[PDB]
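Have a look at the structure below before the remarks.
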Amino acid sequence: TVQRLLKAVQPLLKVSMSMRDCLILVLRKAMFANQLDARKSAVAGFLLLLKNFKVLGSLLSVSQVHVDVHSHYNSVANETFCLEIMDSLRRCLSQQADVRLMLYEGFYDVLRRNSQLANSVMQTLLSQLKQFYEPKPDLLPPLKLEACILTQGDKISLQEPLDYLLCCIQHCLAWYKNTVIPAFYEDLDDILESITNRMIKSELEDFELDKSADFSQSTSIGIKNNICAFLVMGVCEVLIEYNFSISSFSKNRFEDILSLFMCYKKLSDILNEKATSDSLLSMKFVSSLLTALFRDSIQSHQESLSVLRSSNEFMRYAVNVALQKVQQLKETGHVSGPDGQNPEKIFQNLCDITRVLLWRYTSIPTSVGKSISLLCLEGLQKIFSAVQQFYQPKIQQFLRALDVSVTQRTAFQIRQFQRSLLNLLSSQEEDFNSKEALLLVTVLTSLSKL
Amino acid sequence: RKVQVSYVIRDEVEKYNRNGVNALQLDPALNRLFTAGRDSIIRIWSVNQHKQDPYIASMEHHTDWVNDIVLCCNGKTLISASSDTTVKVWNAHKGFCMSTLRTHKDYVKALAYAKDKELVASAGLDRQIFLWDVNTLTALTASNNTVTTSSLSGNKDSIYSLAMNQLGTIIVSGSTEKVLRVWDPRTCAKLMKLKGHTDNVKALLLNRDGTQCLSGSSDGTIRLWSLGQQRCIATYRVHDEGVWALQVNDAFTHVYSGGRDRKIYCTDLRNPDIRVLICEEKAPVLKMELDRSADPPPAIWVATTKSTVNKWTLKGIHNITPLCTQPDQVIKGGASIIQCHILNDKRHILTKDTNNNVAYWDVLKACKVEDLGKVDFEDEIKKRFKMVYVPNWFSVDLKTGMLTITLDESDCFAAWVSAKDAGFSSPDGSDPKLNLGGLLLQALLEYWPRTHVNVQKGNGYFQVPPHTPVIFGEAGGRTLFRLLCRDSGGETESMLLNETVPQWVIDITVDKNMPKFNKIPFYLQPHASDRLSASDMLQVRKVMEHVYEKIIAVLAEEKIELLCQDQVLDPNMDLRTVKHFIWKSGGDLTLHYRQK
């Protein structure tokens with residue numbers, strides 16, 4: 001409720017000066033208060049207060065009166081103010097897992113919107129990560145498995161969400177290297193590369209999770225061993241995302257990412273059948289994976305991309321992640337990863353996701369677990385309803401972005417689905433696939449509403 | 001309350017005072033003279049008889065009369081008191097305002113200074129007296145902004161004068177209670193009250209050890225008081241009218257007096273009959289400051305209600321007729337604007353000043369148009385008459401001696417006029433309708449980044465001069481924030497504007513929202529030979545075409561003549577002006593129509 005209230009009231013914060021100083025004073029007093037769960041809200045206030053305003057801060061007894069002093073503001077003083085208010089957050093990283101979660105999630109926007117603090121946020125992240133990453137020539141489990149777990153009172157919980165940390169430093173390094181350049185950022189990517197090249201070579205027995213050892217949901221070692229699998233799961237996802245973009249297009253990185261997905265999928269198979277969480281792929285990366293995997297056909301990429309295209313399970317994984325993002329948008333108006341609260345970026349990305357899923361279904365119904373085509377059609381079914389529910393004034397722009405007024409475009413789409421429905425209904429029964437016809441009828445309803 | 005925007009129409013540099021001078025301070029180490037102008041500007045002059053142009057700089061931040069100044073801290077700092085209810089602390093060497101104290105609630109009238117404690121105190125018409133350690137004020141910064149006060153109580157009425165002694169052990173106040181009230185500034189305890197004087201006291205002095213007091217009064221007398229005996233030991237009645245200003249030499253034996261009767265006397269306190277007529281000034285004397293380089297003082301500076309400041313030389317004391325007849329140095333002053341008439345277009349203004357010069361100004365462009373010389377003012381008003389009515393949309397005041405224009409929410413947007421009737425051409429061939437106040441508001445804030453929309457800067461028809469001061473104050477008293485038009489792009493100025501600009505200005509300047517229109521109901525009836533309503537700017541021609549249609553361009557105008565109160569109406573005249581100038585009855589305007 002404090003996060004939602006502050007987000008709602010921040011337009012008044014944007015244009016004022018007395019209000020911002022009052023909030024700063026309240027949050028500063030709340031930080032030093034020894035009562036816990038007060039810091040849990042103080043940091044949540046500070047992230048919003050800092051990731052939206054470039055300059056903040058100013059320019060009692062009865063016997064004292066405030067007076068106006070006409071000193072024009074000193075930029076270096078304000079920069080030192082920001083640096084101190086961020087150093088407080090730097091030493092706030094010895095708390096429970098939720099504060100670490102929201103700090104890791106807010107640092108990317110803090111770096112993006114206040115460019116001056118660039119060379120200190122990364123000296124926070126890089127100096128925190130090295131508590132776990134273990135640099136040597138060869139020690140096969142390169143990330144420390146147990147260093148982020150706690151054992152007090154036999155109520156085992158995790159403190160350091162290592163996956164979220166590594167994701168945050170990944171996005172921070174991407175924004176640093178790609179955009180705002182015109183040797184710490186030269187060392188950090190080498191650290192990341194030495195994480196990949198010794199994580200794909202993990203036997204998965206060097207995490208001591210080789211066989212289905214305990215994995216229970218009730219015992220002592222079981223819950224900890226379960227929690228110590230989601231960390232490596234998220235690390236594998238984020239490392240896939242980075243190793244896509246470390247180099248433009250070469251087969252070596254693609255052998256790396258495919259083998260690392262194999263090491264993800266083996267663990268997911270082991271963990272799933274015995275007894276989940278969301279994925280860590282950024283939304284724009286999901287779109288740039290789908291579009292670059294199905295649609296584009298430039299001959300230079302083809303040699304390397306044939307390796308990633310031949311993994312049938314990888315296709316299902318990618319479309320499942322896209323479907324998960326669409327589902328999260330359907331439930332609430334924010335996707336998980338970055339740009340989650342910015343609606344226009346989600347709309348622009350969703351346009352491309354629709355444009356590529358439509359091509360995948362329509363272009364190749366050759367002979368049609370579940371097949372890929374049904375997953376694509378289910379994604380269309382979810383995403384049209386999402387568009388109609390949330391992006392109401394932009395339906396015309398959405399229909400303009402696919403490849404005259406809205407009604408002719410919608411008639412064309414309904415004809416496209418119409419012909420396929422007729423084609424798969426014309427077959428004699430013999431267990432005809434009724435799921436596709438049923439959800440096609442659902443899509444036709446949701447589209448004929450237009 | 002309700003926030004008004006104002007601005008002053010003036011030149012970028014006013015080297016000379018534009019009004020009288022209320023107070024003077026002389027810095028002996030740098031030979032610099034400070035004048036506290038009634039025109040709200042403090043100016044620093046050089047008193048070197050070398051230079052021909054003694055002007056050095058102006059310090060402009062005050063908004064109204066500057067009533068007193070005191071040079072503090074061995075001449076580094078001057079503190080000033082003004083009728084805008086604030087006290088400001090200036091760096092006197094660089095000439096900028098460092099702090100503004102706002103604890104007073106009415107006109108601050110008098111300031112006092114105790115050199116040996118480097119202590120100053122302020123007092124005014126609000127009956128409060130605050131004591132301030134100057135070094136605490138100078139230690140103020142943007143973080144350490146806390147100041148704490150100590151004040152004296154007992155005073156029953158508005159304070160008009162105030163003096164402290166050099167040791168800072170006695171303070172005396174003068175007021176309309178006629179009694180002067182005395183406190184110990186070190187303990188704030190009330191001390192004795194000496195009653196006896198019968199009128200206001202505008203001039204007070206104490207000897208170095210606070211044992212004698214001189215009071216000057218509007219009853220025309222000077223009185224000498226012993227504080228050790230608590231009584232009057234001599235009364236001097238050397239003036240015919242009120243005494244407004246007193247000075248005394250270091251030996252406390254000769255008193256220099258001046259006031260409403262323009263005459264300045266030097267009287268020996270031990271032997272009154274030995275007295276010297278020093279001079280007769282050209283205007284009531286308001287304040288004097290001796291140069292004290294040498295024991296028998298060489299000269300006395302004299303402030304009057306006129307804009308000129310005269311230095312008079314003092315040959316000596318040993319010897320009806322004035323000792324001196326012409327000033328020794330003269331700092332020239334300028335004219336004040338004393339009379340103002342707003343013309344019928346509600347766009348131009350005619351002025352008269354104290355030199356009987358007449359000028360013509362452009363309120364919209366915030367500048368002068370032509371000097372018209374010493375023509376007769378009322379004949380010039382009658383010669384520049386145009387039969388047009390425009391609703392009132394601003395007010396003018398001459399309190400500072402310059403033209404100050406004030407805009408209020410109640411009527412700022414009342415005046416729509418056509419581009420054609422204005423001096424703004426029709427480059428696309430047509431003239432739409434402009435709201436004057438909204439254009440002015442957009443010009444004043446042209447440099448404020450928040451009004452810039454995705455690039456346009458301003459309104460596209462005119463600029464104001466970049467140096468025009470723009471002041472945001474509350475109605476009745478308290479100025480909130482003052483800046484120059486060109487300075488709006490600063491980050492500090494933009495922050496304070498965002499904090500201070502009222503929503504009713506934001507409406508026009510930011511959202512680009514059109515103000516409400518105004519419609520006029522009127523009657524049409526066959527007494528030239530139905531209840532309708534239209535825009536107040538609609539031309540008679542449009543009603544003529546209306547009538548032509550409903551009773552079936554060039555032919556309409558040729559055939560139908562429109563009348564009001566039996567007078568033939570000019571088809572180009574609009575309904576608003578007709579109603580204002582011709583309708584002399586009550587209830588709704590009634591027009592009679594006919595066919596010819």
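Here's how to read the names in the structure tokens: chain A, B, ... by the order shown, residue numbers from 1 in each chain, ligand numbers from 1 in the order shown.
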Each chain B residue no farther than 8 Å from chain A, nearest pair in Å, only C-alpha atoms, as CSV:
```
residue,atom,partner,partner_atom,distance
B:97,CA,A:70,CA,7.1
B:98,CA,A:70,CA,5.5
B:99,CA,A:69,CA,4.5
B:100,CA,A:68,CA,5.5
B:101,CA,A:67,CA,5.6
B:102,CA,A:67,CA,6.9
B:103,CA,A:65,CA,7.6
B:140,CA,A:69,CA,7.3
B:141,CA,A:69,CA,6.4
B:142,CA,A:69,CA,5.9
B:143,CA,A:59,CA,7.9
B:145,CA,A:66,CA,6.4
B:146,CA,A:66,CA,5.5
B:147,CA,A:64,CA,5.6
B:148,CA,A:64,CA,4.0
B:149,CA,A:63,CA,6.1
B:150,CA,A:63,CA,7.9
B:492,CA,A:72,CA,6.3
B:495,CA,A:17,CA,7.2
B:496,CA,A:17,CA,7.9
B:498,CA,A:15,CA,6.1
B:499,CA,A:16,CA,5.4
```
Test item: residues at most 10 Å from residue 376 of chain B, only C-alpha atoms, excluding those fewer than 3 positions along its chain, as a ChimeraX atom specification: /B:352,356-358,372-373,379-381
Distance query residue 400 of chain B at most 10 Å, only C-alpha atoms, self and fewer than 4 positions along chain excluded, as a count of residues only: 14
Residue 46 of chain B environment, 7 Å, only C-alpha atoms, sequence neighbours closer than 2 positions dropped, as a PyMOL selection string: chain B and resi 31-33+44+48+54-55
Long-range neighbours of segment 320-334 of chain B as a count of residues only, 8 Å cut-off, only C-alpha atoms, 2 positions minimum in chain: 20
Sel. of strand (DSSP E or B) residues, segment 129-235 of chain A, as a ChimeraX atom specification: /A:133,143,149-150,157-158
DSSP-assigned alpha helix (DSSP H) members of segment 472-540 of chain B, reported as a ChimeraX atom specification: /B:491-500,503-509,540
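In this structure, atom CA of residue 112 of chain A sits 8.0 Å away from atom CA of residue 51 of chain A.
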Exercise: residue 116 of chain B partners within 9 Å, only C-alpha atoms, chain neighbours under 4 positions left out, as a ChimeraX atom specification: /B:166-168
Spatial neighbours of residue 106 of chain A, max dist 9 Å, only C-alpha atoms, sep filter under 2 positions, as a ChimeraX atom specification: /A:44,47-48,51,101-104,108-111,168
Resulting file, chosen residues, N, CA, C and O atoms, as a PDB file, in the first residue's frame:
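Once written, part-v5.pdb looks like this:
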```
ATOM      1  N   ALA A  44      11.589   1.483  -0.132  1.00  0.00           N
ATOM      2  CA  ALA A  44      10.597   1.529  -1.197  1.00  0.00           C
ATOM      3  C   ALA A  44      10.218   2.961  -1.536  1.00  0.00           C
ATOM      4  O   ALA A  44       9.949   3.272  -2.700  1.00  0.00           O
ATOM      5  N   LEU A  47      13.504   4.535  -3.531  1.00  0.00           N
ATOM      6  CA  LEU A  47      13.660   4.163  -4.937  1.00  0.00           C
ATOM      7  C   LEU A  47      12.745   4.978  -5.834  1.00  0.00           C
ATOM      8  O   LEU A  47      13.176   5.472  -6.881  1.00  0.00           O
ATOM      9  N   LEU A  48      11.481   5.141  -5.444  1.00  0.00           N
ATOM     10  CA  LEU A  48      10.588   5.966  -6.251  1.00  0.00           C
ATOM     11  C   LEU A  48      11.044   7.417  -6.249  1.00  0.00           C
ATOM     12  O   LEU A  48      11.052   8.074  -7.295  1.00  0.00           O
ATOM     13  N   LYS A  51      14.382   7.485  -8.595  1.00  0.00           N
ATOM     14  CA  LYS A  51      14.403   7.063  -9.989  1.00  0.00           C
ATOM     15  C   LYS A  51      13.553   7.941 -10.893  1.00  0.00           C
ATOM     16  O   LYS A  51      13.478   7.668 -12.094  1.00  0.00           O
ATOM     17  N   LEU A 101      15.290  -7.798  -2.848  1.00  0.00           N
ATOM     18  CA  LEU A 101      14.489  -7.931  -4.061  1.00  0.00           C
ATOM     19  C   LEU A 101      14.140  -6.575  -4.657  1.00  0.00           C
ATOM     20  O   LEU A 101      14.407  -6.312  -5.836  1.00  0.00           O
ATOM     21  N   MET A 102      13.542  -5.694  -3.854  1.00  0.00           N
ATOM     22  CA  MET A 102      13.084  -4.435  -4.433  1.00  0.00           C
ATOM     23  C   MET A 102      14.255  -3.521  -4.771  1.00  0.00           C
ATOM     24  O   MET A 102      14.168  -2.731  -5.717  1.00  0.00           O
ATOM     25  N   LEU A 103      15.380  -3.659  -4.067  1.00  0.00           N
ATOM     26  CA  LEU A 103      16.558  -2.873  -4.409  1.00  0.00           C
ATOM     27  C   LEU A 103      17.143  -3.321  -5.742  1.00  0.00           C
ATOM     28  O   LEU A 103      17.478  -2.492  -6.602  1.00  0.00           O
ATOM     29  N   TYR A 104      17.275  -4.636  -5.925  1.00  0.00           N
ATOM     30  CA  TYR A 104      17.757  -5.175  -7.187  1.00  0.00           C
ATOM     31  C   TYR A 104      16.834  -4.803  -8.332  1.00  0.00           C
ATOM     32  O   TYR A 104      17.296  -4.591  -9.457  1.00  0.00           O
ATOM     33  N   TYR A 108      18.033  -0.681 -11.715  1.00  0.00           N
ATOM     34  CA  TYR A 108      18.127  -0.474 -13.157  1.00  0.00           C
ATOM     35  C   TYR A 108      17.518   0.863 -13.556  1.00  0.00           C
ATOM     36  O   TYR A 108      18.125   1.635 -14.308  1.00  0.00           O
ATOM     37  N   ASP A 109      16.330   1.173 -13.035  1.00  0.00           N
ATOM     38  CA  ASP A 109      15.716   2.459 -13.342  1.00  0.00           C
ATOM     39  C   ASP A 109      16.483   3.611 -12.711  1.00  0.00           C
ATOM     40  O   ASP A 109      16.554   4.695 -13.302  1.00  0.00           O
ATOM     41  N   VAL A 110      17.061   3.398 -11.525  1.00  0.00           N
ATOM     42  CA  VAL A 110      17.886   4.439 -10.912  1.00  0.00           C
ATOM     43  C   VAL A 110      19.074   4.773 -11.802  1.00  0.00           C
ATOM     44  O   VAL A 110      19.395   5.948 -12.020  1.00  0.00           O
ATOM     45  N   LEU A 111      19.738   3.750 -12.337  1.00  0.00           N
ATOM     46  CA  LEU A 111      20.835   3.988 -13.268  1.00  0.00           C
ATOM     47  C   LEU A 111      20.341   4.670 -14.536  1.00  0.00           C
ATOM     48  O   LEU A 111      21.016   5.554 -15.076  1.00  0.00           O
ATOM     49  N   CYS A 168      20.025  -8.066 -12.657  1.00  0.00           N
ATOM     50  CA  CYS A 168      20.171  -6.620 -12.554  1.00  0.00           C
ATOM     51  C   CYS A 168      21.527  -6.163 -13.069  1.00  0.00           C
ATOM     52  O   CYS A 168      21.612  -5.168 -13.798  1.00  0.00           O
TER      53      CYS A 168
END
```
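As for atom CA of residue 433 of chain B and atom CA of residue 418 of chain B, they are spaced 4.9 Å apart.
Ranking B:53, B:493, B:574, B:219 by their shortest atom-to-atom distance to residue 421 of chain B, with only C-alpha atoms included, puts B:574 first.
Among the candidate residues A:266, A:136, A:274, A:171, the one lying nearest to residue 198 of chain A is A:136, with distances computed using only C-alpha atoms.
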